[PDB]
file final.pdb (PDB, C-alpha atoms)
MODEL        1
ATOM      1  CA  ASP A 105      20.433-109.361  13.080
ATOM      2  CA  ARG A 106      20.506-105.564  12.867
ATOM      3  CA  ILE A 107      20.584-105.682   9.040
ATOM      4  CA  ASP A 108      17.403-107.777   9.072
ATOM      5  CA  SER A 109      15.491-105.082  10.976
ATOM      6  CA  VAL A 110      16.819-102.325   8.693
ATOM      7  CA  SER A 111      15.850-104.024   5.420
ATOM      8  CA  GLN A 112      12.209-104.257   6.529
ATOM      9  CA  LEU A 113      12.105-100.589   7.459
ATOM     10  CA  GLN A 114      13.402 -99.362   4.091
ATOM     11  CA  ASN A 115      10.544-100.870   2.102
ATOM     12  CA  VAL A 116       8.005 -99.851   4.748
ATOM     13  CA  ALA A 117       8.882 -96.152   4.707
ATOM     14  CA  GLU A 118       7.639 -95.487   1.176
ATOM     15  CA  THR A 119       4.756 -97.935   1.013
ATOM     16  CA  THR A 120       3.169 -96.909   4.322
ATOM     17  CA  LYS A 121       2.891 -93.337   3.025
ATOM     18  CA  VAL A 122       0.733 -94.724   0.207
ATOM     19  CA  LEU A 123      -1.696 -96.211   2.730
ATOM     20  CA  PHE A 124      -1.731 -92.984   4.726
ATOM     21  CA  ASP A 125      -3.075 -91.059   1.753
ATOM     22  CA  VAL A 126      -5.365 -93.855   0.595
ATOM     23  CA  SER A 127      -7.240 -94.223   3.873
ATOM     24  CA  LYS A 128      -8.199 -90.565   4.272
ATOM     25  CA  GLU A 129      -9.026 -90.310   0.563
ATOM     26  CA  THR A 130     -11.575 -93.139   0.761
ATOM     27  CA  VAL A 131     -13.145 -91.512   3.843
ATOM     28  CA  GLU A 132     -13.686 -88.279   1.874
ATOM     29  CA  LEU A 133     -15.591 -90.105  -0.876
ATOM     30  CA  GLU A 134     -17.693 -91.812   1.775
ATOM     31  CA  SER A 135     -18.645 -88.423   3.228
ATOM     32  CA  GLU A 136     -20.177 -87.460  -0.137
ATOM     33  CA  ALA A 137     -22.148 -90.720  -0.100
ATOM     34  CA  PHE A 138     -24.162 -89.435   2.894
ATOM     35  CA  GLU A 139     -25.899 -86.965   0.583
ATOM     36  CA  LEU A 140     -26.924 -89.982  -1.548
ATOM     37  CA  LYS A 141     -28.351 -91.643   1.583
ATOM     38  CA  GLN A 142     -30.626 -88.656   2.140
ATOM     39  CA  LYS A 143     -32.008 -88.990  -1.409
ATOM     40  CA  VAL A 144     -32.782 -92.670  -0.712
ATOM     41  CA  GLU A 145     -34.411 -91.866   2.631
ATOM     42  CA  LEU A 146     -36.902 -89.167   1.667
ATOM     43  CA  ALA A 147     -38.221 -91.183  -1.273
ATOM     44  CA  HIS A 148     -38.724 -94.285   0.837
ATOM     45  CA  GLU A 149     -40.741 -92.254   3.368
ATOM     46  CA  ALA A 150     -42.853 -90.648   0.634
ATOM     47  CA  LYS A 151     -43.866 -93.988  -0.858
ATOM     48  CA  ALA A 152     -44.876 -95.249   2.572
ATOM     49  CA  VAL A 153     -47.147 -92.355   3.507
ATOM     50  CA  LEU A 154     -48.729 -92.610   0.048
ATOM     51  CA  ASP A 155     -49.307 -96.327   0.510
ATOM     52  CA  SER A 156     -51.151 -95.589   3.747
TER
ATOM     53  CA  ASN B   1     -88.080-108.633 -12.237
ATOM     54  CA  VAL B   2     -86.956-108.944  -8.616
ATOM     55  CA  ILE B   3     -83.740-107.630 -10.154
ATOM     56  CA  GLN B   4     -85.539-104.490 -11.255
ATOM     57  CA  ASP B   5     -87.308-103.806  -7.933
ATOM     58  CA  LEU B   6     -84.191-104.347  -5.891
ATOM     59  CA  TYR B   7     -82.054-102.436  -8.391
ATOM     60  CA  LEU B   8     -84.329 -99.447  -8.432
ATOM     61  CA  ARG B   9     -84.904 -99.233  -4.718
ATOM     62  CA  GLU B  10     -81.324 -99.891  -3.676
ATOM     63  CA  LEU B  11     -79.535 -97.716  -6.198
ATOM     64  CA  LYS B  12     -81.863 -94.759  -6.051
ATOM     65  CA  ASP B  13     -82.239 -94.535  -2.334
ATOM     66  CA  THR B  14     -78.573 -95.106  -1.501
ATOM     67  CA  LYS B  15     -76.605 -91.902  -1.353
ATOM     68  CA  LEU B  16     -72.860 -92.000  -0.814
ATOM     69  CA  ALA B  17     -71.457 -89.456   1.642
ATOM     70  CA  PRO B  18     -68.115 -90.618   3.108
ATOM     71  CA  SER B  19     -65.543 -89.107   5.487
ATOM     72  CA  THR B  20     -63.642 -85.928   4.605
ATOM     73  CA  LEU B  21     -59.925 -85.872   3.741
ATOM     74  CA  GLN B  22     -59.360 -84.292   7.143
ATOM     75  CA  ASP B  23     -61.148 -87.237   8.788
ATOM     76  CA  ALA B  24     -59.219 -89.634   6.512
ATOM     77  CA  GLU B  25     -55.873 -88.215   7.645
ATOM     78  CA  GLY B  26     -56.196 -89.695  11.149
ATOM     79  CA  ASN B  27     -56.595 -93.142   9.649
ATOM     80  CA  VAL B  28     -53.422 -92.811   7.538
ATOM     81  CA  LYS B  29     -49.837 -91.653   7.937
ATOM     82  CA  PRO B  30     -49.716 -87.958   6.945
ATOM     83  CA  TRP B  31     -47.469 -86.388   4.284
ATOM     84  CA  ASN B  32     -43.855 -85.820   5.206
ATOM     85  CA  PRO B  33     -42.044 -82.767   3.817
ATOM     86  CA  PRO B  34     -38.227 -82.756   3.099
ATOM     87  CA  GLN B  35     -36.056 -83.872   6.056
ATOM     88  CA  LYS B  36     -33.103 -81.457   5.650
ATOM     89  CA  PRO B  37     -30.528 -82.979   8.077
ATOM     90  CA  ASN B  38     -27.999 -80.183   7.239
ATOM     91  CA  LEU B  39     -24.359 -80.947   6.410
ATOM     92  CA  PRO B  40     -22.423 -82.356   9.410
ATOM     93  CA  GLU B  41     -18.928 -80.915   9.879
ATOM     94  CA  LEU B  42     -16.327 -83.510  10.694
ATOM     95  CA  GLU B  43     -13.155 -83.826  12.750
ATOM     96  CA  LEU B  44      -9.697 -83.660  11.139
ATOM     97  CA  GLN B  45     -10.704 -80.153  10.313
ATOM     98  CA  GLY B  46      -9.431 -77.020  12.016
ATOM     99  CA  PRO B  47      -5.919 -76.329  13.323
ATOM    100  CA  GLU B  48      -6.838 -78.475  16.350
ATOM    101  CA  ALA B  49      -5.885 -81.358  14.090
ATOM    102  CA  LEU B  50      -2.714 -79.767  12.694
ATOM    103  CA  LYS B  51      -0.978 -79.031  16.017
ATOM    104  CA  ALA B  52      -2.158 -82.402  17.268
ATOM    105  CA  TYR B  53      -0.692 -84.164  14.207
ATOM    106  CA  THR B  54       2.706 -82.444  14.402
ATOM    107  CA  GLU B  55       3.041 -83.261  18.103
ATOM    108  CA  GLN B  56       1.328 -86.677  18.067
ATOM    109  CA  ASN B  57       3.245 -87.656  14.977
ATOM    110  CA  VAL B  58       6.518 -86.961  16.722
ATOM    111  CA  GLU B  59       6.235 -90.134  18.856
ATOM    112  CA  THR B  60       4.091 -93.244  18.513
ATOM    113  CA  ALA B  61       3.990 -96.496  20.460
ATOM    114  CA  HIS B  62       4.708-100.024  19.278
TER
ENDMDL
END
call {"tool": "encode", "arguments": {"input": "final.pdb", "output": "structure tokens"}}
result
Amino acid sequence: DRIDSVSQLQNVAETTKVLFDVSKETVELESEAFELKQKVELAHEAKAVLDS
Amino acid sequence: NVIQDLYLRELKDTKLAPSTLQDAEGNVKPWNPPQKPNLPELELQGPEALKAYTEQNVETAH
């Protein structure tokens, strides 16, 4: 029974560290995307005023 | 004939003189300049995070 618990934990220890890195890394890229959003926004507004 | 009389009278005597651009502005949405929302500064920054992470990642719950 004890062996069963242990075997799970071995594989976990490495692979979980991968996810740890991965999650924060994606979030960083997504931060940079906000600057893109601002490009989208200003242009949309400009077309609208001009249409009026 | 009637075309000529009407044409002459109408065209000649009608003088355009519409609203100014200033007057126009009210009846439209006005120009918008850049927005400039700055750069937000996020959490998981500063040594608030570091001390927190050492301590917090010393014990976690199931």
call {"tool": "interface_residues", "arguments": {"input": "final.pdb", "of": "chain B", "to": "chain A", "cutoff": "10 Å", "atoms": "all atoms listed in the file", "output": "JSON, numbers by chain"}}
result
{"B": [25, 27, 28, 29, 30, 31, 32, 33, 34, 35, 36, 37, 38, 39, 40, 42, 44]}
call {"tool": "atom_distance", "arguments": {"input": "final.pdb", "atom1": "atom CA of residue 114 of chain A", "atom2": "atom CA of residue 49 of chain B"}}
result
28.2 Å
call {"tool": "atom_distance", "arguments": {"input": "final.pdb", "atom1": "atom CA of residue 61 of chain B", "atom2": "atom CA of residue 117 of chain A"}}
result
16.5 Å
call {"tool": "atom_distance", "arguments": {"input": "final.pdb", "atom1": "atom CA of residue 23 of chain B", "atom2": "atom CA of residue 10 of chain B"}}
result
26.9 Å
call {"tool": "decode", "arguments": {"input": "final.pdb", "residues": "segment 106-124 of chain A", "atoms": "N, CA and C atoms", "output": "mmCIF file, in the first residue's frame"}}
result
data_model
loop_
_atom_site.group_PDB
_atom_site.id
_atom_site.type_symbol
_atom_site.label_atom_id
_atom_site.label_comp_id
_atom_site.auth_asym_id
_atom_site.auth_seq_id
_atom_site.Cartn_x
_atom_site.Cartn_y
_atom_site.Cartn_z
ATOM 1 N N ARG A 106 1.907 1.267 0.837
ATOM 2 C CA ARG A 106 2.806 2.383 0.957
ATOM 3 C C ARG A 106 3.583 2.609 -0.313
ATOM 4 N N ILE A 107 4.060 1.509 -0.951
ATOM 5 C CA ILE A 107 4.756 1.521 -2.224
ATOM 6 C C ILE A 107 3.937 2.184 -3.291
ATOM 7 N N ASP A 108 2.612 1.915 -3.330
ATOM 8 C CA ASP A 108 1.721 2.494 -4.310
ATOM 9 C C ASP A 108 1.730 3.998 -4.252
ATOM 10 N N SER A 109 1.624 4.583 -3.034
ATOM 11 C CA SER A 109 1.682 6.016 -2.850
ATOM 12 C C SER A 109 2.975 6.600 -3.378
ATOM 13 N N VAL A 110 4.111 5.978 -2.995
ATOM 14 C CA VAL A 110 5.450 6.407 -3.322
ATOM 15 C C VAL A 110 5.721 6.487 -4.805
ATOM 16 N N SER A 111 5.245 5.483 -5.579
ATOM 17 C CA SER A 111 5.494 5.388 -6.996
ATOM 18 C C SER A 111 4.890 6.549 -7.733
ATOM 19 N N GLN A 112 3.666 6.970 -7.318
ATOM 20 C CA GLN A 112 2.977 8.117 -7.864
ATOM 21 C C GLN A 112 3.795 9.363 -7.696
ATOM 22 N N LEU A 113 4.354 9.548 -6.483
ATOM 23 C CA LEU A 113 5.010 10.763 -6.078
ATOM 24 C C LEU A 113 6.287 10.985 -6.834
ATOM 25 N N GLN A 114 7.019 9.893 -7.169
ATOM 26 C CA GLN A 114 8.257 9.973 -7.911
ATOM 27 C C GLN A 114 8.074 10.663 -9.233
ATOM 28 N N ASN A 115 7.058 10.232 -10.008
ATOM 29 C CA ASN A 115 6.844 10.707 -11.355
ATOM 30 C C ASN A 115 6.367 12.134 -11.315
ATOM 31 N N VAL A 116 5.530 12.445 -10.299
ATOM 32 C CA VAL A 116 4.940 13.737 -10.060
ATOM 33 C C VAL A 116 5.992 14.787 -9.896
ATOM 34 N N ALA A 117 7.040 14.511 -9.085
ATOM 35 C CA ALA A 117 7.978 15.500 -8.608
ATOM 36 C C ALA A 117 8.663 16.250 -9.725
ATOM 37 N N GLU A 118 9.097 15.536 -10.790
ATOM 38 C CA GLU A 118 9.678 16.175 -11.942
ATOM 39 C C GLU A 118 8.643 16.897 -12.760
ATOM 40 N N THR A 119 7.539 16.202 -13.113
ATOM 41 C CA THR A 119 6.643 16.661 -14.150
ATOM 42 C C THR A 119 5.867 17.886 -13.737
ATOM 43 N N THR A 120 5.551 17.998 -12.430
ATOM 44 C CA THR A 120 4.863 19.123 -11.851
ATOM 45 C C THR A 120 5.667 20.386 -11.985
ATOM 46 N N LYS A 121 7.015 20.287 -11.872
ATOM 47 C CA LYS A 121 7.903 21.412 -12.028
ATOM 48 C C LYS A 121 7.811 21.993 -13.409
ATOM 49 N N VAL A 122 7.574 21.132 -14.431
ATOM 50 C CA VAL A 122 7.349 21.553 -15.795
ATOM 51 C C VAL A 122 6.157 22.468 -15.860
ATOM 52 N N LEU A 123 5.026 22.075 -15.229
ATOM 53 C CA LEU A 123 3.807 22.844 -15.276
ATOM 54 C C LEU A 123 3.978 24.167 -14.598
ATOM 55 N N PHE A 124 4.761 24.186 -13.497
ATOM 56 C CA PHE A 124 5.009 25.355 -12.697
ATOM 57 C C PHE A 124 5.560 26.460 -13.547
#
